[PDB]
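# Descriptive analysis of the structure
Here is what each chain is made of, one letter per residue.
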Number of protein chains: 2
Amino acid sequence: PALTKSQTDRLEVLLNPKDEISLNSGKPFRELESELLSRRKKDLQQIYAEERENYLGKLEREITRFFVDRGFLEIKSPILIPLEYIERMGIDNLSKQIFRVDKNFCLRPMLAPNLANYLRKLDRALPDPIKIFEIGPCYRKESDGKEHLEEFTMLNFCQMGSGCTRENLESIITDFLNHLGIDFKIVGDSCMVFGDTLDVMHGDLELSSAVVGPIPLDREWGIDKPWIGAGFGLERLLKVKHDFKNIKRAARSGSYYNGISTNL
Amino acid sequence: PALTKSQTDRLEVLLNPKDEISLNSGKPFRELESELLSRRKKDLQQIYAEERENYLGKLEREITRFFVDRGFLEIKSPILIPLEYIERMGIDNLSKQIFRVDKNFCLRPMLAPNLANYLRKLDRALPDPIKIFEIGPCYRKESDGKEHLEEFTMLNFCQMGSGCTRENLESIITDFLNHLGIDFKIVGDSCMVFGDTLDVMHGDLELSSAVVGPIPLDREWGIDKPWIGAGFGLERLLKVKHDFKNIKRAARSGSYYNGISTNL
Ligand SMILES: Nc1ncnc2c1ncn2[C@@H]1O[C@H](COP(=O)(O)OP(=O)(O)OP(=O)(O)O)[C@@H](O)[C@H]1O
Ligand SMILES: Nc1ncnc2c1ncn2[C@@H]1O[C@H](COP(=O)(O)OP(=O)(O)OP(=O)(O)O)[C@@H](O)[C@H]1O
Ligand SMILES: [N-]=[N+]=Nc1ccccc1COC(=O)NCCCC[C@H](N)C(=O)O
Ligand SMILES: [N-]=[N+]=Nc1ccccc1COC(=O)NCCCC[C@H](N)C(=O)O
Ligand SMILES: [K+]
Ligand SMILES: [K+]
Ligand SMILES: [K+]
Ligand SMILES: [K+]
Ligand SMILES: [Mg+2]
Ligand SMILES: [Mg+2]
Ligand SMILES: [Mg+2]
Ligand SMILES: [Mg+2]
Ligand SMILES: [Mg+2]
Ligand SMILES: [Mg+2]
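Description of the structure in this document. Residues are labelled from 1 along each chain in written sequence order, independent of how the entry numbers them, and those without coordinates are excluded. A letter from A marks each chain and a number from 1 marks each ligand, given out in the order of writing. Working from all heavy atoms in the structure, the side-chain values ignore hydrogens and water.

For the rest of this paragraph, the subject is the relation of the copies chain B and chain A. The copies are each rotated and translated onto one another by least squares, with the C-alpha atoms as the fitted set. For the match of chain B to chain A, the screw axis carries a shift of 0.0 Å, the RMSD comes to 0.0 Å, and the turn is 180 degrees. Such values leave the two copies arranged in the relation of a two-fold axis. Across chain B, the smallest distance between a C-alpha and the rotation axis is recorded for B:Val101, namely 2.7 Å. Mapped onto chain A, 100% of the interface residues of chain B are again interface residues, and the two copies thus contact each other with one and the same surface. Note on contacts: a residue pair qualifies if any of its non-hydrogen atoms lie within 4.5 Å across the two residues.

Tallying the contact residues gives 52 residues for chain B and 52 residues for chain A. Between chain B and chain A, a total of about 4,600 Å² is buried, with carbon and sulfur atoms accounting for 59% of that surface. Definition used for salt bridges: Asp or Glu carboxyl oxygen within 4 Å of a side-chain nitrogen of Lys or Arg. Our count for the chain B to chain A interface comes out at 6 salt bridges. A salt bridge links A:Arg252 to B:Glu134, with the shortest nitrogen-to-oxygen separation between them at 3.8 Å. Here a polar contact means two N or O atoms within 3.5 Å. Within protein one must be a hydrogen donor candidate and the other an acceptor candidate, and residues neighboring in sequence count only if both atoms are side-chain atoms. Between chain B and chain A we count 30 residue pairs in polar contact in total. Mapped onto the side of chain B that touches chain A, the elements with two or more residues apiece are helix 2 (29-50), helix 3 (55-69), strand 1 (73-75), strand 3 (100-101), helix 5 (112-122), strand 5 (130-139) and strand 11 (256-257) of chain B. Residue polarity is assigned by list, with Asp, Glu, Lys and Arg as charged and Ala, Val, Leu, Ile, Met, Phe, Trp, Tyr, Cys and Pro as nonpolar; anything else, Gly included, falls into the polar class. Considered class by class, the residues forming the side of chain B that touches chain A number 25 nonpolar, 10 polar and 17 charged. The term buried area refers to how much accessible surface (probe radius 1.4 Å) is lost by two components on association, counted for both of them together. For the purposes of this entry, the term helix denotes a DSSP run of H or I that reaches at least four residues, the term strand denotes a run of E that reaches at least two, and both are numbered from the N terminus.

Right, let's talk about the coordination of the potassium ion (ligand 5) for a bit. In this analysis a donor is any N, O or S atom within 2.8 Å of a metal ion (3.2 Å for sodium, potassium and calcium), and since water is not included, sites may seem incomplete. Listed as protein donors to the potassium ion (ligand 5) are A:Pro17 (O) and A:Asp19 (O); their distances from the metal cover 2.6 to 2.7 Å. Throughout, exposure labels follow a simple rule: accessible area from a 1.4 Å probe, protein chains only, divided by the maximum for the residue type, with under 20% read as buried, over 50% as exposed, and the rest as partly exposed. You can call A:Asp19 buried: its relative accessible area is 12%.

Disulfides are covalent bonds that connect the sulfur atoms of two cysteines. Sulfur atoms of two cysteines make up a disulfide when they are within 2.5 Å. All chains considered together, the criterion is met by 0 disulfides over all chains. A:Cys138 supplies the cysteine sulfur nearest to A:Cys106, a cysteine that is in no disulfide, at a spacing of 11 Å.

This brings us to the site of ligand 4. Residue and element names in this part refer to chain B. Residues in close proximity to ligand 4 total 16 residues, the closest being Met89, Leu119, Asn156, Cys158 and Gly231. A distance of 3.3 Å separates an oxygen atom of ligand 4 from a polar side-chain atom of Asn156. When ligand 4 sits alone it has 550 Å² of accessible area, and the protein chains cover 96% of it. Elements supplying a minimum of two residues to the shell around ligand 4: helix 5, strand 6 (151-160), strand 9 (205-212) and strand 10 (227-233). The element best represented in the shell around ligand 4 is helix 5, accounting for 4 residues. By residue class, the composition of the shell around ligand 4 is 12 nonpolar, 3 polar and 1 charged. Distances are taken per atom, and a residue is near a molecule or strand as soon as one of its heavy atoms is within 4 Å of it. Residue burial considers only the protein chains on display, and all accessible areas are found by Shrake-Rupley using a 1.4 Å probe.

Keep in mind these values describe shape, not function.
As structure tokens, this is what we get:
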């Protein structure tokens, strides 16, 4: 008895990476569904009894402790930002990916512009070097893909003044991903906003783009010192850590809790 | 020499509750500004050297530990939600306060609808009672006021099944605000969405509205058991804790860091 696409889709929702079950072994859909429902209810009950922290929240807290302890100031800046920031970032009419709000606002697609403003302002009060970071929601319209979400969570850390070299940027990235237990390589790439990037890759999955300044865009943001920075997607980190097949398992969602289907 | 409105406004930006300085003593603006700039640079330098955690982030983490330890599951749900949720909540054409995104979406003005969906789904898998909470950004268009932000941070905790009484709701609120060191009273009020509320007041400042179910809206959300819940604004909690005159000192902002002006 062969499984329909709808039946396979339902079993895939209930399947977890740790399972090893053949979906098309010939066992009937009813028994495969019942087995997976039982495994997932047990998993959720164990979370509720013993491990009540959300994966995205817990990872944000772990990353926050890492950067605070290394001397970076924790920033929480607006998610709803002026639309004028988009063109000023060199996103010329990525631009199609912006969620607009009212007539003059949008949802931020990255943390960089708010962090650029903080670097400039804090440089008037704090000693060299200025080290800051932020973790929070960012928004992009995307085609359906196993590695993209329209609502995702970014970490960006950055530094301005002394110590803003490629070697120090790579060392921070290495210490960070070693702390999380994630292997990686660095490959060159390029993007419209920042130019050349050092992309942090786990296999074919891009975990981060990082940048060594200065870049021409600096003048438009009042940045006038060396700087380094890197942006990472937290859901991509979670996808690696938990071997999820689709990044949706990691997202803000009413459909998955810590990678377990909530449709039980 | 009298201070202009622009001069007083600048000094108020730089003034902090712990200061006691007369702005209109007759001392010249230049000296008052220089004194306040020096106090604020010292305050920011001390934060950077010793206390690098953001007040909103730190408070979210403190609240998260409180509720996780008391048996509530930590939720992180979408901020960008379907516009259809608004009318289904009984917000008839508050409705004017909704930030719309594209044609079918909006920024959530509260956490309740996403938490209602989680209560319903989790009740099929978890033992009675179901206890969950969320902390995160919410959005409302507001008139300019000392107690309102357009981008704010909500905590909502809620419970469904046994133990969903007024006395237990008040006891959780009392334990929570005792943990934060904030005195309060409970006053009855009423709102369009939920009906009668127990409003948690610190003086004339509304910290929370709380609700004892069931209510007629339950049927439209598939909720069919007793429930209790309460929503609190984190920036209002911070305003009380730090004696801020305006809630903007507590907000996500590029203009204040932990209540200290970033325009230094
Ligand atoms: N839509 C998305 N969903 C999930 N994570 C994302 C998304 N877009 C970017 N990220 C994460 O944010 C990081 C920094 O953003 P960046 O602008 O470099 O992404 P990107 O180069 O557009 O990524 P990609 O090429 O995969 O679309 C990325 O390396 C990735 O980890
Ligand atoms: N615009 C806002 N800015 C900051 N906090 C808010 C805002 N709106 C609501 N809150 C906080 O969220 C809690 C729950 O939201 P609720 O819908 O009860 O607010 P509300 O009754 O509209 O508040 P208010 O009467 O002060 O406008 C409030 O008690 C308050 O602490
Ligand atoms: N627009 N903008 N931001 C500007 C623009 C001009 C100058 C300086 C900043 C801000 O530089 C920072 O401190 N943040 C990190 C920058 C690189 C982020 C990483 N490549 C990412 O894509 O996640
Ligand atoms: N819409 N909606 N939510 C509905 C709608 C119907 C039924 C059940 C919920 C969700 O009930 C919850 O579990 N959350 C807390 C509810 C009260 C929140 C508090 N008064 C506040 O205003 O912050
Ligand atoms: K497997
Ligand atoms: K999404
Ligand atoms: K004072
Ligand atoms: K605001
Ligand atoms: Mg992209
Ligand atoms: Mg890329
Ligand atoms: Mg990239
Ligand atoms: Mg209101
Ligand atoms: Mg009210
Ligand atoms: Mg209220």
